[PDB]
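Summary of structural features
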Number of protein chains: 2
Amino acid sequence: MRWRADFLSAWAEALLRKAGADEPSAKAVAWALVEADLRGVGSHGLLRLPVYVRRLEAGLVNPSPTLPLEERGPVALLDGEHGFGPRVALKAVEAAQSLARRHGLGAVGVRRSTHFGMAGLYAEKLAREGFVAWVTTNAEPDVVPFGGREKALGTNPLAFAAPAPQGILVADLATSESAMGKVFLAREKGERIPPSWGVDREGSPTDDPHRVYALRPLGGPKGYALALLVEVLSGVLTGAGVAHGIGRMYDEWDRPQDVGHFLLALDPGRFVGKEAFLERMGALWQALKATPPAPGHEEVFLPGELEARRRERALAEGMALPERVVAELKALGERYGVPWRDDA
Amino acid sequence: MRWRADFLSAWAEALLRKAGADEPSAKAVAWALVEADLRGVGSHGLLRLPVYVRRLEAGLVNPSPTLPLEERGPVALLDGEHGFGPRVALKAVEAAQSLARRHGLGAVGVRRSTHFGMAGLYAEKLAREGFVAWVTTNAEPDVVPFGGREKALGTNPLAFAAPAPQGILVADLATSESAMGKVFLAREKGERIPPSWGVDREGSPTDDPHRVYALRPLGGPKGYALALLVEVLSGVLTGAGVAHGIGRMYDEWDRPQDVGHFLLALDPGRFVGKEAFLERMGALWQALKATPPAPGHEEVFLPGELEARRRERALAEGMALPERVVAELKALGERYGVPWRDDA
Ligand code: NA
Ligand code: NA
Ligand code: NA
Ligand code: NA
Ligand code: NA
Ligand code: NA
């Protein structure tokens, strides 16, 4: 069962306004979640709308932040004022590209934000402006450090993007084996998960998403190191919450999260040159596509390539949603007087 | 059998001078390789000296580069002129910290360099100057892309570092399951390797380092995406060799490599603040050390922590080297009239 993305986008925005979010915030969230679904990244799509709205309802999210920005040369600090992550992140994107246009590069350290959805969306937006982009965000601890048995770091994802003649190369990855959102998606779809993703409360691997207590770092020490890099850039460096100091969106309803983000935009025009960069990216892209596939693969794909293909398809045939997610969205619609669209 | 690091360092430098390297280049290489050995990273230690010298002998390395540097605000491009990687990289480090001191951040794109050893060494040096550091380098293809069966990308490692009250957090990781240097080390030590690291020429996993044809990306798609990020920053963006365009240090003796590197230094003083940054890093460090260990672990360690401990120990008790490496170094010493030190 597929749904009209444009209708769901309008619906989500309306529900958010009804819940109290101002116009730019409601649009930013509707955009971030639906865009994720379009690309086939359900872990960061409308599946998240219910908890996002509940956080607002509980008074843990700023519905209309001013978003103070302080510039210092090619560096800028953004105060999210506890606004919705997508709203905060989109302003960070604008600030980063503006700084890069003027100085050749721009770094934005964000504090007091909240879960911002798919990191790749922001990196992609920056790349569409002609910049090489690097975007990171920390999160409440859900992952054991390498060699440890208790949660110490968030899934702390990182995203990177760069323009190419063939399209936008976009990488989006949690530094743990898997993002927690994928565990949530499995729960909604009623599916088992790879047992290497996490362990139960007794430290044993489990393929039951409902029994996952903590996640494991990607490839042991390496994913652990990457999680720390993301933590330093997104949290320590910005003035935002750091690891255990970050409020848990799903478990702590006493105060705002204070999630931090880090965004860096680089102008290739200041390096090898804009035209040269694109031609070189094109040759790299071409080379990867020309690589003979491994068994079980029809061809090699660039990060973001399949996502772009899925988006086009979903915009034409509609986007899919798990029955359980729809049921929750319907209940949410009734709670806020913005009924699920029967024409969607 | 352990050896005096100071004696080996002096020996290597002398052999390099004898082979034709100028003073700064010989010192840079001796430094990079021995420092790697001290930290227990033999994959990037003196094990590499023989091939480095052979590259110089064959006329594929500039023994005394001028190292032209072009600054453009917080960005700078460095022409390695085919000099030894460590020599080129050390100048990049100096340029990066200088730019960061003036602008708050500094990015250096390096082209026409060669294998530079352990990336973590450069990130660490930058962090000791008070900066958050990010260092990457591309390399000739040795890794299959996710979904592919032929080599398309180098092990393309990335390193990150940041100062803390307890020490310097330093992450150093190849984006493939393992670095090729670890495969070489296993060969010298006469040990088997994890079969998940690479495949033989027929595409089958092998635990025999002598039969490894291609390596696999870290955790499939994620390591592949990370390798591309490193390739874009180190190669595409800099004007250096890109993937298949990079000369193979071990297999192609017709022309220089043209390896590229990317270095970024961030001044925390321009973000949350220098003092605040250190205190926050200290709390994060403390939290990780306080995490209960998993079975088989005595405690949780920070990236770079064990490496620092090993360095101190090696400086006091001497550094170890595989018998096969020593034998090759001895043959090298005789070839260049700089005999292996019997007092080492
Ligand atoms: Na209420
Ligand atoms: Na009310
Ligand atoms: Na992804
Ligand atoms: Na010769
Ligand atoms: Na000669
Ligand atoms: Na390492």
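Residues numbered from 1 in each chain as written, not as in the entry; some residues may be left out. Chains lettered and ligands numbered in written order. Heavy atoms only, no water.

Structure determination for this PDB entry was carried out by X-ray crystallography, with a resolution of 2.00 Å recorded in the header.

Points about the overall build of chain A
Regarding its fold elements, chain A presents ten helices and eleven strands. A globule of 344 residues ought to have a C-alpha radius of gyration of about 20 Å, and chain A, at 20 Å, matches this closely. Referenced to the eigenvectors of the C-alpha coordinate spread, the extents of chain A come out at roughly 55 × 50 × 50 Å. Counting every position in chain A, which comprises 344 residues, the buried fraction comes to 62%. For chain A, the share of sequence-separated contacts (at least 6 apart) that also reach a separation of at least 24 residues comes to 66%. For chain A, the accessible surface area stands at approximately 12700 Å², while carbon and sulfur atoms represent 47% of it. (Helix = DSSP H or I, 4+ residues; strand = E, 2+ residues; numbered from the N terminus. Rg over C-alpha atoms; globule rule 2.2 N^0.38 Å. Buried < 20%, exposed > 50% of the residue type's maximum accessible area, 1.4 Å probe, protein only. Contact = heavy atoms within 4.5 Å. Areas by Shrake-Rupley, 256 points an atom, 1.4 Å probe, with all protein chains shown as cover.)

A few points about the sheet that holds strand β6 (residues 158-164) of chain A
Residue and element names in this part refer to chain A. Sheet architecture is open: seven strands sit in the order β2-β3-β4-β10-β5-β6-β7, paired in mixed fashion. Each edge of the sheet is formed by a strand with only one pairing partner; in this case those strands are β2 (69-72) and β7 (167-173). Taking each pair of neighbouring strands and ignoring which way they run, the sheet shows an average axis angle of 10 degrees. Helix-sheet contacts for helix α8 (residues 274-289) involve β5 (132-137), β6 and β7, and the interaxial angle to β6 is about 105 degrees. (Pairing = 2+ DSSP bridges. Axes fitted to C-alpha atoms, helices over the stretch in contact; angles between N-to-C directions.)

Here's the deal with the domain arrangement of chain A
Residues and elements named next belong to chain A. If you check the domain split of chain A, you get domain 1 (1-66 + 304-344) and domain 2 (67-303). The gap between the C-alpha centroids of domain 1 and domain 2 is 20 Å. Interface area for domain 1 against domain 2, summed over the two sides, is near 3400 Å², with a carbon-plus-sulfur share of 67%. Inspection of the region where domain 1 meets domain 2 yields two salt bridges. With a closest N to O distance of 2.9 Å, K289 and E305 form a salt bridge. Summed over the shared surface of domain 1 and domain 2, the result is 15 residue pairs in polar contact. (Domains from an automatic or database assignment. Buried area = accessible area lost by both parts, 1.4 Å probe. Salt bridge = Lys/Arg side-chain N within 4 Å of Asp/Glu carboxyl O. Polar contact = N/O pair within 3.5 Å; in protein donor to acceptor, adjacent residues only side chain to side chain.)

A word on unusual backbone geometry
Of note in this structure, A:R112 is not a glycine but carries a positive phi near 50 degrees. Looking at the secondary structure, you find A:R112 in strand β4 (residues 105-113).

Quick notes on empty space enclosed by the protein
Counted by the stated rule, this structure contains three cavities of 30 Å³ or more. Volume-wise, the largest cavity comes out at about 130 Å³. Forming the walls of the largest cavity are 15 residues, and the residues nearest its centre are A:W134, A:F262, A:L264, B:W134 and B:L264. Elements with a minimum of two residues in the lining of the largest cavity: β5 and β10 (259-266) of chain A together with β5 (132-137) and β10 (259-266) of chain B. The class makeup of the residues in the lining of the largest cavity is 15 nonpolar, no polar and no charged. Quantified by volume, the second largest cavity comes out at close to 50 Å³. Around the second largest cavity sit A:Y52, A:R55, A:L60, A:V61, A:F84, A:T114, A:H115, A:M249 and A:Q257, which together line it. Tallied by class, the residues present in the lining of the second largest cavity amount to five nonpolar, three polar and one charged. (1 Å grid on protein atoms, 1.4 Å probe; cavity = no way out; pocket = protein on both sides within 12 Å on 5 of 7 lines; lining within 4 Å. Points joined across faces, edges and corners; volume = space filled by probe spheres on them. Nonpolar A, V, L, I, M, F, W, Y, C, P; charged D, E, K, R; others polar.)

Observations concerning the packing of helix α1 (residues 5-19) of chain B against helix α3 (residues 49-57) of chain B
Residue and element names in this part refer to chain B. At their nearest, the axes of α1 and α3 sit 10 Å apart, and the two run at 15 degrees to each other. Judged on the interaxial angle alone, α3 and α1 are roughly parallel. With respect to the hand of their crossing, α1 and α3 are arranged in right-handed fashion. Facing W11, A12, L15, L16 and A19 of α1, the residues of α3 in contact are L49, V53 and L56. The class makeup of the residues in the contact of α1 with α3 is eight nonpolar, no polar and no charged. (Parallel < 35°, antiparallel > 145°, perpendicular 65-115°, else oblique. Left-handed = near helix turned anticlockwise from the far one by under 90°.)

Remarks on the relation of the copies chain B and chain A
These two copies of the chain differ by a rotation about an axis and a displacement along the same axis. Laying chain B over chain A is done by rotating through 180 degrees and shifting 0.0 Å along the axis; what remains is an RMSD of 0.0 Å. The transformation relating the two chain copies, once decomposed into turn and shift, fits a two-fold axis. When each C-alpha of chain B is compared by its distance to the rotation axis, B:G219 comes out closest, at 3.2 Å. Both copies present the same face, since 100% of the interface residues in chain B are matched by interface residues at the equivalent positions in chain A. (Least-squares fit on C-alpha atoms.)

Comments concerning the sheet that holds strand β7 (residues 167-173) of chain B
All names here are of chain B. On the basis of which strands lie adjacent, the open sheet formed by seven strands has the order β2-β3-β4-β10-β5-β6-β7 and mixed pairing. Of all strands in the sheet, those with a lone pairing partner are β2 (69-72) and β7, marking the two edges. Taking each pair of neighbouring strands and ignoring which way they run, the sheet shows an average axis angle of 10 degrees. For strand β6 (residues 158-164) and β7, the ladder comprises seven bridges, and the chain directions are antiparallel. Residue pairing across strands places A162 opposite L169, the latter belonging to β7. Of the strands in this sheet, β5, β6, β7 and β10 are in contact with helix α5 (residues 119-127), which crosses β6 at around 30 degrees.

Focus on the interface of chain B and chain A
Taken together, the contact between chain B and chain A spans 72 residues of the former and 72 residues of the latter. Buried surface at the junction of chain B and chain A, summed over both partners, amounts to about 5700 Å²; 77% is from carbon and sulfur atoms. For chain B, the biggest contributors to the area lost against chain A are B:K222, B:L237 and B:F271; these three give 13% of the whole. At the boundary of chain B and chain A, one finds zero salt bridges. Summed over the shared surface of chain B and chain A, the number is 26 residue pairs in polar contact. Elements supplying a minimum of two residues to the side of chain B that touches chain A: β3 (75-79), β4 (105-113), β5, β6, β7, α7 (221-236), β10 and α8 (274-289) of chain B. When residues of the side of chain B that touches chain A are assigned to their parent elements, the largest contribution, eleven residues, is made by α7(B).

Here's the deal with the environment of A:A119
Residue and element names in this part refer to chain A. Along the chain, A119 falls in helix α5 (residues 119-127). As a C-alpha pair, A119 and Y224 span 105 residues in sequence and 19 Å in three-dimensional space. Not counting the four nearest positions on each side in its chain, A119 is found in contact with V135, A159 and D172.

What about the UniProt feature "binding site: NAD(+)" (unreviewed entry) in chain A?
Residue and element names in this part refer to chain A. Summarizing the sequence annotation, UniProt attributes the feature "binding site: NAD(+)" (unreviewed entry) to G117, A119, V170, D172, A174, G304 and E307 in the numbering used throughout. Within the element layout of this structure, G117 appears in the loop between β4 and α5. By relative accessible area, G117 is classed as buried at 5%. Those residues within four positions of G117 in sequence are excluded, and the remaining contacts are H44 and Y52. You can see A174 is positioned in the loop between β7 and α6 (180-189). (UniProt positions renumbered as here; feature names shortened; annotations may be inferred.)

As for the packing of aromatic side chains
What the rule picks out here adds up to 15 aromatic pairs over all chains. Both rings, one in A:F262 and one in B:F271, keep their centres 6.4 Å apart while their planes meet at 40 degrees; by these two values the pair is tilted. Taken together, the residues A:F262 in strand β10 and B:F271 in the loop between β10 and α8 connect one chain to another. Look at A:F262 and you get buried, because its relative accessible area is 1%. An aromatic cluster of at least three residues, connected via ring pairs, comprises A:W3, A:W11 and A:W340. One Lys or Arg, B:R341, reaches over the ring of B:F7 and ends 4.0 Å from the middle of that ring. (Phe/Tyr/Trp six-rings, centres within 6.5 Å; stacked < 30°, edge-to-face > 60°. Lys NZ or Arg CZ within 6 Å of the ring centre and 35° of its normal.)

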